[PDB]
Amino acid sequence: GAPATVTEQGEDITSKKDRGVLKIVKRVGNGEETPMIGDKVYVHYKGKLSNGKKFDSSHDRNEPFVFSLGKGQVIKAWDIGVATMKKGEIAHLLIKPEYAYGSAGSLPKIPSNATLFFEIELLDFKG
Ligand SMILES: COc1ccc(CC[C@H]2OC(=O)[C@@H]3CCCCN3C(=O)[C@@H](c3cccs3)NC(=O)C(C)(C)NC(=O)COc3cccc2c3)cc1OC
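Basically the entry's author numbering = 1-based index in the sequence shown + 12.
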């Protein structure tokens, strides 16, 4: 399924090239531009542990998730990953714990040393 496909064909978008964040473009977005650090970004997402458990989505309550990019407002993988996305793009990310919740986890939902999977849709971004 979707996580396995990321392993096989995802691009390693980390600076250290440690496969900590792997990305596939599932739906191409519009234009050329991708958000800059400091931009306000609007997304929909679905997340889970890579094994399929602990599913959560912003579409549950059909309300976009908004954050400023590169301002420590989300896990590192999202600051890295969303920065690469075009408006209208849907991406899949597979994330090792070093780029997510690490050894601490986010208990009880997210265990220590958890690998995560996300589907993210970049709806819009603004200066
Ligand atoms: C700079 O580092 C951090 C900055 C902020 C946080 C707080 C958690 C933060 O959530 C996230 O960063 C990620 C990506 C954005 C969407 C929510 N996140 C999730 O991991 C998902 C997951 C879904 C499935 C498995 S994990 N969390 C949720 O969907 C739920 C469980 C609903 N919780 C929240 O969304 C809580 O609301 C938040 C609001 C802002 C930032 C974060 C969470 C943790 C950070 O590092 C550990």
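Note that the Cβ used here is the ideal one computed from N, Cα and C, for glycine as well.
Residue i - DSSP class collapsed to helix/strand/coil
| i | result |
| --- | --- |
| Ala89 | helix |
| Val40 | coil |
Close-in-space but distant-in-sequence residues of the same chain around residue i (CB under 6 Å, 5 per side omitted)
| i | result |
| --- | --- |
| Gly82 | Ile49, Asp91 |
| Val78 | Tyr54 |
| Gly32 | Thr26, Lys108, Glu110, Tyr111 |
Range of the contiguous beta strand (DSSP E) that encloses residue i
| i | result |
| --- | --- |
| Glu133 | 128–138 |
| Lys60 | 52–61 |
| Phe79 | 77–80 |
Beta-carbon contacts of residue i that lie in its chain and below 7 Å, excluding the five residues immediately before and after
| i | result |
| --- | --- |
| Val37 | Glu101, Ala103 |
Distance, residue j Cα to residue i Cα
| i | j | result |
| --- | --- | --- |
| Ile25 | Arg73 | 30 Å |
| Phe137 | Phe130 | 19 Å |
| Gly139 | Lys66 | 33 Å |
| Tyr113 | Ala14 | 21 Å |
| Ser62 | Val94 | 19 Å |
| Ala116 | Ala126 | 10 Å |
| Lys88 | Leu106 | 12 Å |
Same chain, Cβ closer than 8 Å to residue i, five either side skipped, listed in chain order
| i | result |
| --- | --- |
| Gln21 | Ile36 |
| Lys98 | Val40, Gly41, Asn42, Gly43, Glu44, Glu45, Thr46, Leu134 |
| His71 | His56, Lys58 |
Element boundaries [alpha helix (DSSP H), containing residue i]
| i | result |
| --- | --- |
| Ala16 | 14–21 |
Cβ-heavy atom distance, residue i to ligand 2, below 7 Å
| i | result |
| --- | --- |
| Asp136 | Questions concerning ligand 2 fall outside what the structure shown contains, since the ligands it does hold are ligand 1. |
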